[PDB]
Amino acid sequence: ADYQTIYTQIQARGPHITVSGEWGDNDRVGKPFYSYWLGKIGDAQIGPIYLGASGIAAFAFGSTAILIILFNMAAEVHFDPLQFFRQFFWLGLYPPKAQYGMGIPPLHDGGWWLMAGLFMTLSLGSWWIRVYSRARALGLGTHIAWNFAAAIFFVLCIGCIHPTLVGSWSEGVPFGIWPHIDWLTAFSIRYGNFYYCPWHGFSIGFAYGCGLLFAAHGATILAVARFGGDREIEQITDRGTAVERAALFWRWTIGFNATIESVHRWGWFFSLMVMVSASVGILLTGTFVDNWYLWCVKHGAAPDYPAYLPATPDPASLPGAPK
């Protein structure tokens, strides 16, 4: 077996490299240090970190959002520190419970939620600028930023775009561990079972495919690490036996194959499509479809099944039944 694919047997140390960027080389703070146990399964060097304007703006806005959330959470346990740790998972900051439409809600019923939403959104935009500009500063393409953009766009969809399209802030995602989980069922119940939303299906198809692709790609590179397949950039520009064997393994298995470069386009595309499909689904939901199951029945797609115990009429529609 190739033990190098499991962990680094003999680690190496050397002077720390610094690639210069078009700006901000002085905003790298911290002194690098080395972790021997990290170095078994990764690169041993931790830090320094770049510390630009957008990154600080992100930390500023983020912490503001975190603080607004934590304070409202603590209010929910009347500031008892012990119950706060006990009940942490169950605590939350909720959008309005009452229907104000799109009017700004009272602070006690969703205003603080809206506030925390604003500052998180600013934090996401600020970090996006960091992710984008750091690439151009180092003379790299902006591929990560465009993937990250789709992920931010999906959050905005469930956070505020879908609420504004249907016209009620009551539909946003709460802040908190269990409560953001509870939203998923409330939403799916409201809109007629999300299994029958084709864009749920698409998103899941791509999410599962990301698991398929990264398991397959990761396994492939490790299987050709003896020929240096991990040095992917120079295998793109000068095809070595590593990527020839990787390409032929797949070709002989499934009948076709990618290149060392194109496999990353596949992976990038699949990842992006998780978020793009999710967003189309949310954008259609509530605006143009009210019950995804009935929409599938309307178009003849839903499965049906025999009764097992007897079919049961809606009692509310029998004559003389109470309301």
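Quick note: we count residues from 1 along the sequence shown, nothing fancier.
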Comparing 30-38 with 279-287, the one whose average Cα B-factor in the PDB entry is higher: 30-38
Comparing 99-107 with 197-205, which has the greater mean CA B-factor as deposited? 99-107
Among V77, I189, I221, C210, highest Cα B-factor in the entry goes to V77
For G240, does the deposited CA B-factor place it in the lowest, middle or highest third of the chain? middle
Taking the C-alpha B-factors as the PDB entry records them, is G255 in the lowest, middle or highest third of its chain? middle
Among the modelled residues of its chain, does the C-alpha B-factor of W23 lie in the lowest, middle or highest third? highest
Third assignment of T185 from its chain's C-alpha B-factors: lowest
Compare the C-alpha B factor of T312 with those of the other modelled residues in its chain, then answer lowest, middle or highest third. lowest
